[PDB]
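The analysis underlying the following values was restricted to heavy atoms, covering all of them including side chains, and did not include hydrogens, waters or symmetry mates. Just so it is clear: chains get the letters A, B, ... in the order the sequence lines come, proteins before strands, and each one is counted from 1. Counting starts at 1 for both ligands and their atoms, in listed order.
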Number of protein chains: 2
Amino acid sequence: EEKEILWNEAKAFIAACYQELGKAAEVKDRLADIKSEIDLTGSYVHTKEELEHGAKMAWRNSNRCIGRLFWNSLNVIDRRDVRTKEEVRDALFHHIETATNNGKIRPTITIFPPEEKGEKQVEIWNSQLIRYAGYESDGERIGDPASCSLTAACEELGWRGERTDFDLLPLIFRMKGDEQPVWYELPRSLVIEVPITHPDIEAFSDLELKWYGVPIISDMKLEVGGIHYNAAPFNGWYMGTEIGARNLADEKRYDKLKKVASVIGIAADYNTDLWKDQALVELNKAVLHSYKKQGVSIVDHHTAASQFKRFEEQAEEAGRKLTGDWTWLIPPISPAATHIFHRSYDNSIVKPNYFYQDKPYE
Amino acid sequence: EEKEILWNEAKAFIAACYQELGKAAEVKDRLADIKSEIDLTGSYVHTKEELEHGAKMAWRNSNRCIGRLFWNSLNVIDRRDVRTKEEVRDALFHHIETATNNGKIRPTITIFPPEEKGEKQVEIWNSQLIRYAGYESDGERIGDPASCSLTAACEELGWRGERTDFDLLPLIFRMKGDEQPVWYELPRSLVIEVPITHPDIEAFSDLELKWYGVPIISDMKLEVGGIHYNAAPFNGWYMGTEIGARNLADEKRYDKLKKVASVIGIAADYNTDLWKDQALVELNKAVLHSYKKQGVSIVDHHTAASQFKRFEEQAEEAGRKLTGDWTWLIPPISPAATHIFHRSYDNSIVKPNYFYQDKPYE
Ligand code: HEM
Ligand code: HEM
Ligand SMILES: N=C(Nc1cccc(OC[C@@H](O)c2cccc(NC(=N)c3cccs3)c2)c1)c1cccs1
Ligand SMILES: N=C(Nc1cccc(OC[C@@H](O)c2cccc(NC(=N)c3cccs3)c2)c1)c1cccs1
Ligand SMILES: [Cl-]
Ligand SMILES: [Cl-]
């Protein structure tokens, strides 16, 4: 029935994978084992090599990702053995610790057991493992609006935030068979944060801005050879503009441009003054300066685009078709100063890859 | 034969056009006249109203244009009567004069006779009526590289540029039946230019930058109800970023960022300093400041995006589907500070509209 779809993706993956691993001879027999394993059990289990390489391929095929040059150095933690919520929690804690690596961030993914019957084994509620809570009631707007609904979900379960602008959300997830998720407060020793200061403008610290060191996306599905790993959090390091041009800048996020304009001492009254643009540049300089000063890995959008240019060259000379989403590849500031802006990209979806899936809350 | 295609577009245009003009009753009879006129002559001639409204509709349907709020105030000059190159020249001169309007730019289009048998009556060689020449030989790079090939074509015909960085290209066009185009030097009294100065940084004038006041696109085809007006130059006013973030900024255009960085007194050594971004903002502030100070119409990208938001609202409440090209609608600086970035657009092509056509040179 539906089993047919699994087998097809399995054939396509193993061939491409073993070909890249120089194990092309091993394919016929590996596929055979898979064929009967699917027949008898409905599914099939990846080898360490298949899983590691598949997660790497998936990153390589992520059209919206400018950081793909480094796809082959992805650190893959295999946690398909977890059976308990204490094990899941500790796996998540460990991922944070090893990925952070005292500021010298290692791109890492932790892979939990895949969906069985489409039925999840572990269901992560966090959008990122480290994220700030958001509150909204009676005109009062506190923290990160992006987190408003998860925050309300957490507070249903007996969590309570301090209602600071930077409350760390607890880890929150649900195990198969449990009707309700559990939540665990993040140990503050695990979480690096960076205060935002400006290299030249000493008053920038009056804004009392900060951001977390490591963005760990925990709400996407890794799909590898027909196998659906809904729980598979991954991280890289930030590109500065993600923090300075979006998280802290967007009107629906922290909305700090008017405040930035004030501390940098420019008026925020006239569009033709380009005060938003000027505020953006200083905020973004501030962010890069602050991460580098603390010794936390970060990349600027120009360096990132140069790296991506190498990914493009690398893919061509390896005989691989390149795929990309121009609308996400261009940085939100000075995009025409990067080569990305001035070319176009095939937005075709190639598997393995990371996909969106529906939130369990709201 | 091919006549069928004309008739279809004709039916579609007249219906939509007269409907918008509140002349829906007049359609059946207008179409009838057209039907027999096509039968007897192979083509059909637009009324003043049809032509004017069609050029307006075409602008309204230009997916890449952020300035569309003002589509209905387009000033349409009907020059389908030209038969001579002195008439074409004078029509082009007049367009420049009336559109410039002493700096208070009127959006204007001059419409020349359409293609007959696919055969052009007037063939304009300029990409814009006012543009700077570009030269390239023996490492030496002078003027605007975008104009390198047209410039070489002009110099074939006995034109010679001064080889300044801002030589005005002559008007150059070809009449049906002539094997060769003619060129006419632009009278300098017709052409407003703006020296680029900075409001705060007095040394900015050392760059000796300038740009022309009015961008007059003269190489696109206006298509209205099956009729192909290949020669139909049009203008608006600039959005500042077109000059400051592209014409003067691009490495393949004037490439001035390093020089800007120098006069504004910041180092241009480290990506993480965001010196390109900072140079961009100051150059773009300089451009808006300079146009406004001279009294030449210009719009900043924030004001432009606000206007386009009104176009969006206006289209919806008029019951018209909106179409757009997100990749051209976002400004090349601070695009995430505009609403455009945060929504998406249907890039469908609706006629009437402006289309690319092949250059006659190179
Ligand atoms: C090593 C440093 C990395 C950098 C600097 C980087 C940079 C980025 C940036 C800027 C985005 C766009 C996000 C946005 O603008 O909203 C992005 C998207 C993405 N990146 Fe990366 N990335 C890195 C590593 C990774 C890793 C390790 C993975 C997974 C293994 C990954 C997978 C993705 C995916 C799936 C998206 C798209 C998410 C979506 O569609 O919403 N990246 N990356
Ligand atoms: C009134 C002031 C106007 C402003 C500020 C404006 C602004 C712009 C801008 C910024 C672009 C993109 C060009 C680029 O980034 O390379 C554009 C494209 C365009 N505009 Fe407008 N525009 C205006 C008036 C007009 C008029 C009067 C017409 C024709 C009647 C027009 C038709 C177009 C077309 C056809 C394009 C796309 C050209 C292409 O595909 O290469 N616009 N406009
Ligand atoms: N950036 C856009 N969308 C958007 C809007 C709001 C939030 C958002 O978060 C991405 C966030 O979830 C995310 C996803 C994937 C990677 C990152 N950033 C990172 N450095 C990494 C996290 C984990 C590995 S790399 C961040 C993306 C648009 C571009 C064009 C039109 S809209
Ligand atoms: N801007 C882009 N392409 C591009 C690259 C080089 C030159 C160029 O010139 C447009 C130039 O011919 C042009 C065309 C139409 C309008 C304008 N600008 C104006 N204000 C007007 C001229 C006439 C009426 S409005 C200018 C456009 C891209 C966006 C995203 C990916 S590439
Ligand atoms: Cl983020
Ligand atoms: Cl231009």
Measure the distance from [atom] to every protein heavy atom, then report the residue, atom name and distance (to 0.1 Å) of the closest one.
atom                    : answer
atom 9 (C) of ligand 2  : B:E242 OE2, 3.9 Å
atom 38 (C) of ligand 2 : B:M220 SD, 4.0 Å
atom 29 (C) of ligand 1 : A:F234 CD1, 3.2 Å

Quiz item: For A:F341, is the NZ or CZ atom of A:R343 found under 6.0 angstrom from the centre of its six-membered ring and inside 45 degrees of the ring axis?
Solution: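 Relative to the ring axis of A:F341, which defines the angle, A:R343 lies outside at least one limit.
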Self-check item: The one among A:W237, A:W328, A:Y238 that brings a heavy atom closest to atom 4 (C) of ligand 1
Solution: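 The nearest heavy atom belongs to A:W237.
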Exercise. Compute the ring centroids of A:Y229 and A:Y354, then answer whether they are less than 6.0 Å apart.
Key: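 Judged by ring-centre distance (under 6.0 Å), A:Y229 and A:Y354 do not meet the cut-off.
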Exercise. With salt bridge (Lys or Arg N to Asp or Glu O under 4.0 Å) as the test, would you mind laying out the steps for B:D250 and B:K252 before giving the verdict?
Key: CA-CA 5 Å; B:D250 282 356; B:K252 290 187 179 298; over 6 Å; no
Quiz item: Could A:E312 and A:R320 be called an ion pair, given the rule that one side-chain N must be under 4.0 Å from one carboxylate O?
Solution: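 Answer for the salt bridge query: no.
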Quiz item: Hey, is A:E52 close enough to A:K56 for a salt bridge, meaning N to O under 4.0 Å?
Solution: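 Salt bridge flag = yes for A:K56 with A:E52.
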Exercise. Would you please say whether a donor-acceptor pair under 3.5 Å links the side chains of B:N353 and B:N61?
Key: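 There is no such pair (donor and acceptor under 3.5 Å, judged by atom type) between the side chains of B:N353 and B:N61.
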Quiz item: Any heavy atom of B:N235 sitting closer than 4.0 Å to ligand 2?
Solution: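 B:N235: in contact with ligand 2 (<4.0 Å).
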Any idea how [X] and [Y] line up, ring-wise: parallel (<30°), tilted (30 to 60°), or perpendicular (>60°)?
X      : Y      : result
B:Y238 : B:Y212 : tilted
B:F70  : B:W237 : tilted
A:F308 : A:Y345 : tilted

Which of the numbered atoms in ligand 2 are under 4.0 angstrom from any heavy atom belonging to [X]?
X      : value
B:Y354 : 29 (C), 30 (C), 35 (C)
B:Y356 : 39 (C), 40 (O), 41 (O)
B:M239 : 10 (C)

Quiz item: Stepwise, does the ring pair (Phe, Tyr, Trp, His ring centres under 6.0 Å) test hold for B:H46 with B:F13?
Solution: CA-CA 11 Å; B:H46 285 129; B:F13 171 68; 5.4 Å; yes
Quiz item: Among protein atoms, how many N/O/S atoms lie less than 2.8 Å from atom 21 (Fe) of ligand 2?
Solution: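 Considering protein N, O and S only, atom 21 (Fe) of ligand 2 has 1 within range.
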